[PDB]
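Trainee: Below: one structure in structure tokens.
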Amino acid sequence: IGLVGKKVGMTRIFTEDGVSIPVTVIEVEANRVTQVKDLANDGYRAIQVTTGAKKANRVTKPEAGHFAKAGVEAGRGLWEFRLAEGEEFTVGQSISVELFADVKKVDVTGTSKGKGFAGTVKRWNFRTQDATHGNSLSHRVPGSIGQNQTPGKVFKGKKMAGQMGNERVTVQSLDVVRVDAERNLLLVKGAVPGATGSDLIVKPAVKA
Amino acid sequence: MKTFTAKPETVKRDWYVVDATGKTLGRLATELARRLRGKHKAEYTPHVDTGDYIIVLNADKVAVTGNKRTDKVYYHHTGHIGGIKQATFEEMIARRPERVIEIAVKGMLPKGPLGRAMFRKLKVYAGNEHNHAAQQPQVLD
Amino acid sequence: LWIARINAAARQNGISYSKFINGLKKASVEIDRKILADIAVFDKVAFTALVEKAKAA
Amino acid sequence: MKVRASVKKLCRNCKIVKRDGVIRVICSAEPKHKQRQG
Amino acid sequence: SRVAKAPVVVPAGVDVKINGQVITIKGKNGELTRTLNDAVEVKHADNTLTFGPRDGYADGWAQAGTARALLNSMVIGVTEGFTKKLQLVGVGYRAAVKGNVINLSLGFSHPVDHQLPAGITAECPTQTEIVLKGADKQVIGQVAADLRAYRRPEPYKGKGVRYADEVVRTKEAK
RNA sequence: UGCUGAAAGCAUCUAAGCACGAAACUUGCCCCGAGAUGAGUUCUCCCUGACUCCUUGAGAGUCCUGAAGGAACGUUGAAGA
RNA sequence: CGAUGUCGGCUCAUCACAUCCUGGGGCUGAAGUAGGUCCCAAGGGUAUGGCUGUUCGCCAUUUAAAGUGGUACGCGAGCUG
RNA sequence: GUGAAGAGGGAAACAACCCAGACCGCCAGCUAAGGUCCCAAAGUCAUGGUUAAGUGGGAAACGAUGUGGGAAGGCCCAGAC
Ligand SMILES: [Mg+2]
Ligand SMILES: [Mg+2]
Ligand SMILES: [Mg+2]
Ligand SMILES: [Mg+2]
Ligand SMILES: [Mg+2]
Ligand SMILES: [Mg+2]
Ligand SMILES: [Mg+2]
Ligand SMILES: [Mg+2]
Ligand SMILES: [Mg+2]
Ligand SMILES: [Mg+2]
Ligand SMILES: [Mg+2]
Ligand SMILES: [Mg+2]
Ligand SMILES: [Mg+2]
Ligand SMILES: [Mg+2]
Ligand SMILES: [Mg+2]
Ligand SMILES: [Mg+2]
Ligand SMILES: [Mg+2]
Ligand SMILES: [Mg+2]
Ligand SMILES: [Mg+2]
Ligand SMILES: [Mg+2]
Ligand SMILES: [Mg+2]
Ligand SMILES: [Mg+2]
Ligand SMILES: [Mg+2]
Ligand SMILES: [Mg+2]
Ligand SMILES: [Mg+2]
Ligand SMILES: [Mg+2]
Ligand SMILES: [Mg+2]
Ligand SMILES: [Mg+2]
Ligand SMILES: [Mg+2]
Ligand SMILES: [Mg+2]
Ligand SMILES: [Mg+2]
Ligand SMILES: [Mg+2]
Ligand SMILES: [Mg+2]
Ligand SMILES: [Mg+2]
Ligand SMILES: [Mg+2]
Ligand SMILES: [Mg+2]
Ligand SMILES: [Mg+2]
Ligand SMILES: [Mg+2]
Ligand SMILES: [Mg+2]
Ligand SMILES: [Mg+2]
Ligand SMILES: [Mg+2]
Ligand SMILES: [Mg+2]
Ligand SMILES: [Mg+2]
Ligand SMILES: [Mg+2]
Ligand SMILES: [Mg+2]
Ligand SMILES: [Mg+2]
Ligand SMILES: [Mg+2]
Ligand SMILES: [Mg+2]
Ligand SMILES: [Mg+2]
Ligand SMILES: [Mg+2]
Ligand SMILES: [Mg+2]
Ligand SMILES: [Mg+2]
Ligand SMILES: [Mg+2]
Ligand SMILES: [Mg+2]
Ligand SMILES: [Mg+2]
Ligand SMILES: [Mg+2]
Ligand SMILES: [Mg+2]
Ligand SMILES: [Mg+2]
Ligand SMILES: [Mg+2]
Ligand SMILES: [Mg+2]
Ligand SMILES: [Mg+2]
Ligand SMILES: [Mg+2]
Ligand SMILES: [Mg+2]
Ligand SMILES: [Mg+2]
Ligand SMILES: [Mg+2]
Ligand SMILES: [Mg+2]
Ligand SMILES: [Mg+2]
Ligand SMILES: [Mg+2]
Ligand SMILES: [Mg+2]
Ligand SMILES: [Mg+2]
Ligand SMILES: [Mg+2]
Ligand SMILES: [Mg+2]
Ligand SMILES: [Mg+2]
Ligand SMILES: [Mg+2]
Ligand SMILES: [Mg+2]
Ligand SMILES: [Mg+2]
Ligand SMILES: [Mg+2]
Ligand SMILES: [Mg+2]
Ligand SMILES: [Mg+2]
Ligand SMILES: [Mg+2]
Ligand SMILES: [Mg+2]
Ligand SMILES: [Mg+2]
Ligand SMILES: [Mg+2]
Ligand SMILES: [Mg+2]
Ligand SMILES: [Mg+2]
Ligand SMILES: [Mg+2]
Ligand SMILES: [Mg+2]
Ligand SMILES: [Mg+2]
Ligand SMILES: [Mg+2]
């Protein structure tokens with residue numbers, strides 16, 4: 001199905017033979033089920049979960065009630081997962097990191113680090129024009145953006161400067177190294193999106 | 001001496017049902033567009049939507065002559081750099097069977113605010129059930 | 001506009017515009033589109049009699 | 001096969017067939033004589 | 001025209017039924033069903049079957065003469081049951097049956113386990129020969145054609161899966 | 001490329017019918033996505049006092065209440081012109 | 001002609017298919033390897049250098065390939081000159 | 001001949017092509033070219049055929065048991081193709 005978890009930086013695990021494997025430490029606290037959606041009401045089968053612990057004055061009544069229907073404590077934020085026919089869950093149930101004890105590889109979704117207004121060189125890997133040899137005010141500029149009379153227009157999806165990052169991106173099939181049940185961790189190989197403290201949706205690899 | 005024009009507020013609009021099972025697409029679509037526009041009515045005014053609400057059910061079973069089941073293509077552009085999509089009459093019914101009647105009628109309606117207003121009148125359905133039992137929509141042929 | 005109205009009101013009584021007008025011309029009826037269209041909207045019970053009058057021819 | 005615009009019966013065993021709108025020439029003896037179109 | 005004007009004989013123990021245009025022929029080997037074309041019209045006349053072209057339709061004789069020749073094969077199928085004799089030519093080429101799955105080894109890196117749709121009885125007298133039996137000419141001919149298509153005759157040594165009656169043209173090296 | 005099979009006693013991949021068949025096509029993978037005006041769905045939350053005027057409207061008010069929530073302001077950020 | 005900046009390079013591209021590679025097929029004077037030609041196929045990919053203002057071309061060394069074209073012989077209110 | 005110096009209707013849009021020459025007004029009727037299932041005024045008109053290719057709705061040499069008409073010419077009861 002999937003679990004929500006805060007990113008907690010990066011480390012490495014040294015395997016006894018020698019290999020140091022760079023790991024992302026994802027803390028995965030008790031993901032508790034706030035709602036179960038089904039074909040009768042909603043037209044599709046899913047579960048809504050929560051995690052963390054939001055202070056009571058910061059949570060609003062419309063959500064405070066929403067948690068009181070389940071009976072769970074008010075976690076910081078809500079996420080939904082689609083069920084794969086066979087599995088079935090109940091409201092108020094706490095899903096733990098022990099689901100990933102069986103799996104080998106995981107898709108990790110997160111929000112990428114925001115680079116702000118990025119130019120074409122940074123954003124699209126556009127090539128810098130000649131740094132000298134006569135060049136006039138046009139070193140890192142994008143160059144041409146179209147043809148002439150014929151279109152007489154720039155085409156849609158033309159790679160230009162603009163907002164880079166702060167976008168939801170998914171890194172697929174990362175190898176799970178260790179699944180610590182006691183501290184509630186999930187060590188995956190490689191790097192996943194977003195900064196330390198960002199929320200990650202970790203789930204089993206679709207590309208088996 | 002100022003000839004009659006239909007005043008929207010006074011327009012008494014009627015509800016109808018059409019079973020499109022085994023009907024010819026275009027010959028259905030025409031008779032639909034004639035009604036939706038309100039041509040059949042004797043108080044027809046071209047600038048007012050005098051036509052009737054129609055419920056076309058069993059849209060997926062609509063018939064087409066010759067080899068148009070495979071050969072008829074529904075092109076459209078995505079508004080993108082080179083994004084011309086196409087779909088044959090089979091492929092269209094496989095995915096979106098409502099679109100077939102929709103597109104055929106929309107081509108035969110006028111083009112503009114009122115033409116779009118008189119398309120809203122049309123209610124297409126893939127299945128045989130319709131949830132507009134509340135209007136007592138009478139049977140049409 | 002009138003012709004459309006007449007063609008509409010005629011087909012309610014089971015005759016097309018083309019045949020109706022020939023029917024009226026062959027019965028030497030001199031009434032114009034402007035009025036046939038006025039009658040079509042207002043007095044249908046009257047209008048019907050013109051369609052019968054046309055049906056004779 | 002050949003896709004020429006003027007297919008014809010080259011040998012005796014060659015045979016003309018219309019498959020899916022296209023005129024073809026199928027042969028038992030020489031597969032060289034196999035040819036379509038036209 | 002000429003095929004259509006030649007009644008099909010129906011031997012005893014062959015239950016024929018005409019559900020409008022949908023024909024059902026049952027016998028000893030197997031029950032067979034055929035949804036026939038609308039342009040054809042078919043009837044029982046005495047012992048034999050009769051196939052007539054419908055009035056109004058353009059191509060009647062062509063459609064009827066087909067129905068005739070189908071039901072002719074359909075009656076022979078349920079009575080006798082058709083067979084096809086395939087043989088595997090070339091060294092290291094093996095054919096072995098286990099249930100309803102033919103295990104072909106045709107010089108590949110993986111043994112090819114061909115499935116048998118419908119009532120098709122597959123046998124092997126020798127290890128390099130497949131004799132398969134059944135009711136439908138259609139399914140038999142297809143299965144045979146698949147079993148062939150895994151390794152067609154190489155026109156040099158004649159290597160591959162072949163029909164028994166099939167002649168193969170080989171040529172010399174140049 | 002085939003199977004059965006006429007028209008055309010045969011023959012033939014097809015005219016009924018029936019299978020395979022490619023980085024193309026439609027999905028599958030990732031992202032945006034109800035301004036999708038056809039503006040969808042589920043869950044939760046909150047407001048359950050009166051008088052006046054009328055050319056009786058989905059009408060203009062007088063008074064008492066101001067909720068859920070939001071914005072504003074501040075401290076700010078791996079968010080950001 | 002009361003001005004539509006003309007070659008080549010850079011940047012940025014985009015479409016066509018008459019396909020250079022990669023994918024699927026027929027014939028072959030197709031043993032295999034490797035081809036030859038033809039058919040379908042436009043998803044993606046498709047050198048770096050020496051000389052010359054060059055486009056092209058020749059040459060050296062690579063590459064699975066180093067495609068042919070359209071786009072004001074694409075692109076100077078984007079650069080060069 | 002038309003435009004130039006001529007509006008109006010038709011040919012999708014289209015000075016010169018087809019129809020036709022605007023003195024002014026009318027919420028009258030008959031016709032031209034061209035049309036009559038819907039966009040859009042009028043035939044889902046009548047009868048008898050053709051077309052299966054979406055031909056109609058771009059094109060040649062040449063290719064072909066496509067398919068309709070005809071007018072002829074090779075054989076039968078000694079029973080040919
Ligand atoms: Mg930032
Ligand atoms: Mg920068
Ligand atoms: Mg980078
Ligand atoms: Mg550079
Ligand atoms: Mg540079
Ligand atoms: Mg300078
Ligand atoms: Mg400058
Ligand atoms: Mg300068
Ligand atoms: Mg500078
Ligand atoms: Mg500048
Ligand atoms: Mg400047
Ligand atoms: Mg992997
Ligand atoms: Mg084909
Ligand atoms: Mg074609
Ligand atoms: Mg045969
Ligand atoms: Mg055969
Ligand atoms: Mg398939
Ligand atoms: Mg690949
Ligand atoms: Mg979203
Ligand atoms: Mg609504
Ligand atoms: Mg809602
Ligand atoms: Mg709801
Ligand atoms: Mg109250
Ligand atoms: Mg009020
Ligand atoms: Mg007050
Ligand atoms: Mg207030
Ligand atoms: Mg207050
Ligand atoms: Mg508040
Ligand atoms: Mg908010
Ligand atoms: Mg502010
Ligand atoms: Mg602030
Ligand atoms: Mg600050
Ligand atoms: Mg700041
Ligand atoms: Mg000038
Ligand atoms: Mg000027
Ligand atoms: Mg210049
Ligand atoms: Mg030059
Ligand atoms: Mg260069
Ligand atoms: Mg580039
Ligand atoms: Mg090609
Ligand atoms: Mg060529
Ligand atoms: Mg080619
Ligand atoms: Mg090639
Ligand atoms: Mg490869
Ligand atoms: Mg391969
Ligand atoms: Mg091949
Ligand atoms: Mg082609
Ligand atoms: Mg390409
Ligand atoms: Mg394309
Ligand atoms: Mg492309
Ligand atoms: Mg694809
Ligand atoms: Mg790419
Ligand atoms: Mg040097
Ligand atoms: Mg150089
Ligand atoms: Mg070289
Ligand atoms: Mg190489
Ligand atoms: Mg080129
Ligand atoms: Mg050009
Ligand atoms: Mg040029
Ligand atoms: Mg060019
Ligand atoms: Mg240029
Ligand atoms: Mg260029
Ligand atoms: Mg420019
Ligand atoms: Mg230039
Ligand atoms: Mg400049
Ligand atoms: Mg100079
Ligand atoms: Mg200089
Ligand atoms: Mg002059
Ligand atoms: Mg004129
Ligand atoms: Mg004109
Ligand atoms: Mg024209
Ligand atoms: Mg027109
Ligand atoms: Mg027009
Ligand atoms: Mg016009
Ligand atoms: Mg011209
Ligand atoms: Mg004329
Ligand atoms: Mg005159
Ligand atoms: Mg005059
Ligand atoms: Mg006058
Ligand atoms: Mg007239
Ligand atoms: Mg007259
Ligand atoms: Mg006409
Ligand atoms: Mg218009
Ligand atoms: Mg018009
Ligand atoms: Mg009309
Ligand atoms: Mg008719
Ligand atoms: Mg055409
Ligand atoms: Mg010819
Ligand atoms: Mg004769």
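If you're wondering about the labels, chains in the structure tokens are A, B, ... by order shown, residues count from 1 in each chain, ligands from 1 in order shown.
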List all protein, DNA and RNA residues that have at least one atom no more than 9 Å from any atom of ligand 73, counting only C-alpha atoms (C1' of nucleotides) and all ligand atoms, and write them as JSON, numbers by chain.

Mentor: {"H": [10, 12, 13, 40]}

Trainee: With a distance cut-off of 12 Å and only C-alpha atoms (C1' of nucleotides), select the neighbouring residues of residue 44 (chain G), excluding the residue or stretch itself and same-chain residues fewer than 6 positions from it, and output the selection as a list in words.

Mentor: residues 23 and 24 of chain F; 21, 22 and 23 of chain G

Trainee: List the neighbours of residue 59 (chain G) out to 12 Å using only C-alpha atoms (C1' of nucleotides); skip same-chain residues closer than 4 positions along the sequence, and give me the result as a ChimeraX atom specification.

Mentor: /G:49-51

Trainee: Could you please take those selected residues and save N, CA, C and O atoms (P, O5', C5', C4', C3', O3' and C1' of nucleotides) as a PDB file, in the first residue's frame?

Mentor:
```
ATOM      1  P     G G  49      35.211  19.424 -31.144  1.00  0.00           P
ATOM      2  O5'   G G  49      36.678  18.961 -31.547  1.00  0.00           O
ATOM      3  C5'   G G  49      37.253  19.357 -32.798  1.00  0.00           C
ATOM      4  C4'   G G  49      38.488  18.544 -33.078  1.00  0.00           C
ATOM      5  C3'   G G  49      39.314  19.018 -34.261  1.00  0.00           C
ATOM      6  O3'   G G  49      40.202  20.054 -33.851  1.00  0.00           O
ATOM      7  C1'   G G  49      38.833  16.738 -34.541  1.00  0.00           C
ATOM      8  P     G G  50      40.381  21.355 -34.755  1.00  0.00           P
ATOM      9  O5'   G G  50      41.256  20.815 -35.966  1.00  0.00           O
ATOM     10  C5'   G G  50      42.573  20.297 -35.724  1.00  0.00           C
ATOM     11  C4'   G G  50      43.247  19.965 -37.029  1.00  0.00           C
ATOM     12  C3'   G G  50      43.068  20.980 -38.146  1.00  0.00           C
ATOM     13  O3'   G G  50      43.983  22.053 -37.969  1.00  0.00           O
ATOM     14  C1'   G G  50      42.640  18.818 -38.976  1.00  0.00           C
ATOM     15  P     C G  51      43.493  23.552 -38.189  1.00  0.00           P
ATOM     16  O5'   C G  51      43.227  23.595 -39.755  1.00  0.00           O
ATOM     17  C5'   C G  51      44.338  23.523 -40.651  1.00  0.00           C
ATOM     18  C4'   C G  51      43.873  23.495 -42.080  1.00  0.00           C
ATOM     19  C3'   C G  51      42.892  24.577 -42.491  1.00  0.00           C
ATOM     20  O3'   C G  51      43.569  25.807 -42.733  1.00  0.00           O
ATOM     21  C1'   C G  51      42.227  22.482 -43.384  1.00  0.00           C
TER      22        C G  51
END
```

Trainee: Would you write out, as a tab-separated table, a table of all residues in chain A that have an atom no more than 10 Å from an atom of ligand 2, listing for each the closest atom pair and the distance in Å to one decimal, considering only C-alpha atoms and all ligand atoms and ordering rows by chain and rising residue number?

Mentor:
```
residue	atom	partner	partner_atom_place_in_ligand_line	distance
A:115	CA	ligand 2	1 (Mg)	9.8
A:117	CA	ligand 2	1 (Mg)	8.9
A:118	CA	ligand 2	1 (Mg)	6.6
A:119	CA	ligand 2	1 (Mg)	6.3
A:120	CA	ligand 2	1 (Mg)	9.0
A:121	CA	ligand 2	1 (Mg)	7.8
A:122	CA	ligand 2	1 (Mg)	6.7
A:123	CA	ligand 2	1 (Mg)	9.4
A:140	CA	ligand 2	1 (Mg)	8.7
```

Trainee: Show me which bits of chain B are within 9 Å of chain C, counting only C-alpha atoms, as a short mmCIF file (atom, residue, chain, number, x, y, z; two decimals) with N, CA, C and O atoms, in the first residue's frame.

Mentor:
```
data_model
loop_
_atom_site.label_atom_id
_atom_site.label_comp_id
_atom_site.auth_asym_id
_atom_site.auth_seq_id
_atom_site.Cartn_x
_atom_site.Cartn_y
_atom_site.Cartn_z
N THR B 3 -43.89 40.96 -35.72
CA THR B 3 -44.24 39.53 -35.67
C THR B 3 -43.74 38.87 -34.40
O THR B 3 -42.77 39.33 -33.78
N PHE B 4 -44.41 37.78 -34.02
CA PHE B 4 -44.18 37.11 -32.74
C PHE B 4 -42.75 36.64 -32.58
O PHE B 4 -42.14 36.16 -33.54
N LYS B 39 -36.83 23.50 -33.96
CA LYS B 39 -37.34 23.78 -35.30
C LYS B 39 -38.73 23.22 -35.49
O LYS B 39 -39.56 23.85 -36.13
N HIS B 40 -38.95 22.02 -34.96
CA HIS B 40 -40.27 21.37 -34.97
C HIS B 40 -41.40 22.22 -34.38
O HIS B 40 -42.55 22.11 -34.81
N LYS B 41 -41.08 23.07 -33.40
CA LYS B 41 -42.07 23.95 -32.77
C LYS B 41 -42.44 25.13 -33.65
O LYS B 41 -41.58 25.75 -34.28
N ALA B 42 -43.73 25.46 -33.65
CA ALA B 42 -44.29 26.53 -34.47
C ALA B 42 -43.96 27.92 -33.94
O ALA B 42 -44.18 28.90 -34.65
N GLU B 43 -43.46 28.02 -32.71
CA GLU B 43 -43.00 29.29 -32.14
C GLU B 43 -41.47 29.39 -32.19
O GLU B 43 -40.85 29.89 -31.25
N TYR B 44 -40.88 28.94 -33.29
CA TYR B 44 -39.43 28.91 -33.45
C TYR B 44 -38.88 30.32 -33.65
O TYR B 44 -39.30 31.02 -34.57
N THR B 45 -37.96 30.72 -32.78
CA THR B 45 -37.25 31.99 -32.91
C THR B 45 -35.76 31.67 -32.92
O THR B 45 -35.28 31.01 -31.99
N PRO B 46 -35.02 32.13 -33.95
CA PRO B 46 -33.61 31.74 -34.10
C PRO B 46 -32.67 32.22 -32.99
O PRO B 46 -31.63 31.58 -32.77
#
```

Trainee: Output as a ChimeraX atom specification all residues of region 41-173 of chain A that backbone DSSP marks as strand (DSSP E).

Mentor: /A:46-50,78-82,94-95,105-111,116-118,162-164,168-173

Trainee: For chain D against chain E, which residues fall within 12 Å using only C-alpha atoms, given as a PyMOL selection string?

Mentor: chain D and resi 28-31

Trainee: Write the residues of the preceding selection, restricted to C-alpha atoms, as a compact mmCIF listing (two decimals), in the first residue's frame.

Mentor:
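Result saved to out-v7.txt:
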```
# COMPACT_ATOMS: atom_id res chain seq x y z
CA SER D 28 3.38 -22.50 -56.45
CA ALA D 29 6.59 -23.08 -58.46
CA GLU D 30 8.83 -19.98 -58.06
CA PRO D 31 8.46 -17.75 -54.97
```

Trainee: With only C-alpha atoms (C1' of nucleotides) considered, list every residue of chain D at most 6 Å from chain H, as a count of residues only.

Mentor: 3

Trainee: Counting only C-alpha atoms (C1' of nucleotides) and all ligand atoms, what are the residues, protein, DNA or RNA alike, that approach ligand 58 to within 10 Å? I want them as a VMD selection string.

Mentor: chain G and resid 69 to 71

Trainee: Would you save the residues from that selection as a PDB file, in the first residue's frame, using N, CA and C atoms (P, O5', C5', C4', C3', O3' and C1' of nucleotides)?

Mentor:
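Listed below is the output, again34.pdb:
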```
ATOM      1  P     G G  69      20.041  17.126 -48.516  1.00  0.00           P
ATOM      2  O5'   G G  69      18.499  17.491 -48.669  1.00  0.00           O
ATOM      3  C5'   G G  69      17.862  18.427 -47.786  1.00  0.00           C
ATOM      4  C4'   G G  69      16.362  18.333 -47.928  1.00  0.00           C
ATOM      5  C3'   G G  69      15.586  19.486 -47.318  1.00  0.00           C
ATOM      6  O3'   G G  69      15.502  20.595 -48.202  1.00  0.00           O
ATOM      7  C1'   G G  69      14.723  17.480 -46.471  1.00  0.00           C
ATOM      8  P     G G  70      15.511  22.072 -47.608  1.00  0.00           P
ATOM      9  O5'   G G  70      14.084  22.168 -46.910  1.00  0.00           O
ATOM     10  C5'   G G  70      12.912  22.187 -47.733  1.00  0.00           C
ATOM     11  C4'   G G  70      11.662  22.309 -46.911  1.00  0.00           C
ATOM     12  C3'   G G  70      11.546  23.565 -46.066  1.00  0.00           C
ATOM     13  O3'   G G  70      11.146  24.712 -46.809  1.00  0.00           O
ATOM     14  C1'   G G  70      10.971  21.689 -44.771  1.00  0.00           C
ATOM     15  P     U G  71      11.807  26.142 -46.490  1.00  0.00           P
ATOM     16  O5'   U G  71      11.344  26.426 -44.994  1.00  0.00           O
ATOM     17  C5'   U G  71       9.950  26.629 -44.703  1.00  0.00           C
ATOM     18  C4'   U G  71       9.700  26.550 -43.218  1.00  0.00           C
ATOM     19  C3'   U G  71      10.355  27.631 -42.379  1.00  0.00           C
ATOM     20  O3'   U G  71       9.601  28.830 -42.540  1.00  0.00           O
ATOM     21  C1'   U G  71      10.593  25.509 -41.322  1.00  0.00           C
TER      22        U G  71
END
```

Trainee: Hey, can you check how far CA of residue 37 (chain E) sits from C1' of residue 19 (chain F)?

Mentor: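 Atom-to-atom, CA of residue 37 (chain E) and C1' of residue 19 (chain F) are spaced 19.9 Å apart.
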
Trainee: Would you give me, as a list in words, the residues of chain E that come within 9 Å of chain G, using only C-alpha atoms (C1' of nucleotides)?

Mentor: residues 156, 157, 172, 173 and 174 of chain E

Trainee: Keeping only N, CA and C atoms, write those residues as a tab-separated table (two decimals), in the first residue's frame.

Mentor:
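What landed in part.tsv:
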```tsv
chain	number	residue	atom	x	y	z
E	156	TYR	N	16.79	-25.97	-47.45
E	156	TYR	CA	18.21	-26.29	-47.60
E	156	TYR	C	18.46	-27.73	-47.15
E	157	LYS	N	18.07	-28.03	-45.91
E	157	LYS	CA	18.00	-29.40	-45.39
E	157	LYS	C	16.57	-29.90	-45.13
E	172	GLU	N	20.40	-25.55	-53.56
E	172	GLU	CA	21.83	-25.78	-53.33
E	172	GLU	C	22.54	-24.52	-52.84
E	173	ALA	N	23.73	-24.71	-52.28
E	173	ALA	CA	24.53	-23.61	-51.74
E	173	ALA	C	25.32	-22.90	-52.84
E	174	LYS	N	25.19	-21.57	-52.89
E	174	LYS	CA	25.93	-20.73	-53.85
E	174	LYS	C	26.27	-19.37	-53.23
```

Trainee: Specify as a list in words all residues of chain A found within 12 Å of chain B, counting only C-alpha atoms.

Mentor: residues 146, 151, 153, 154, 155, 156, 157, 158 and 159 of chain A

Trainee: I'd like the contact shell of region 17-29 of chain C - 8 Å cut-off, only C-alpha atoms (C1' of nucleotides), skipping same-chain residues fewer than 5 positions apart - returned as a PyMOL selection string.

Mentor: (chain C and resi 3+6-7+10-11+50-51+53-57) or (chain H and resi 42-43)

Trainee: Give me, as a PyMOL selection string, the residues of chain H touching chain C, with the criterion being at most 10 Å (counting only C-alpha atoms (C1' of nucleotides)).

Mentor: chain H and resi 27-29+36+41-43+45

Trainee: Write a file of the selected residues as a PDB file, in the first residue's frame, keeping C-alpha atoms (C1' of nucleotides).

Mentor:
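Result saved to result_35.pdb:
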```pdb
ATOM      1  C1'   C H  27     -42.664  42.667 -41.511  1.00  0.00           C
ATOM      2  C1'   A H  28     -46.339  41.464 -49.702  1.00  0.00           C
ATOM      3  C1'   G H  29     -46.298  37.590 -54.087  1.00  0.00           C
ATOM      4  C1'   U H  36     -33.959  21.561 -50.572  1.00  0.00           C
ATOM      5  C1'   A H  41     -34.644  29.286 -46.436  1.00  0.00           C
ATOM      6  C1'   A H  42     -36.815  24.738 -49.132  1.00  0.00           C
ATOM      7  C1'   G H  43     -37.955  17.092 -50.979  1.00  0.00           C
ATOM      8  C1'   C H  45     -39.949  13.928 -52.822  1.00  0.00           C
TER       9        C H  45
END
```

Trainee: Residues of chain A that have any atom at most 7 Å from an atom of chain G: could you tabulate them with the shortest-distance atom pair and the distance in Å to one decimal, using only C-alpha atoms (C1' of nucleotides), ordered by chain and increasing number, as a Markdown table?

Mentor:
```
| residue | atom | partner | partner_atom | distance |
| --- | --- | --- | --- | --- |
| A:129 | CA | G:11 | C1' | 6.1 |
| A:134 | CA | G:80 | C1' | 6.4 |
| A:135 | CA | G:79 | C1' | 5.7 |
| A:136 | CA | G:79 | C1' | 6.4 |
| A:138 | CA | G:79 | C1' | 5.9 |
| A:142 | CA | G:11 | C1' | 6.4 |
| A:143 | CA | G:78 | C1' | 4.3 |
| A:144 | CA | G:12 | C1' | 4.7 |
| A:145 | CA | G:12 | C1' | 5.7 |
| A:146 | CA | G:75 | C1' | 6.2 |
| A:147 | CA | G:74 | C1' | 4.6 |
| A:148 | CA | G:74 | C1' | 6.6 |
| A:150 | CA | G:71 | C1' | 6.9 |
```

Trainee: May I ask for the distance between CA of residue 68 (chain A) and CA of residue 6 (chain A), given in Å to one decimal place?

Mentor: 24.3 Å
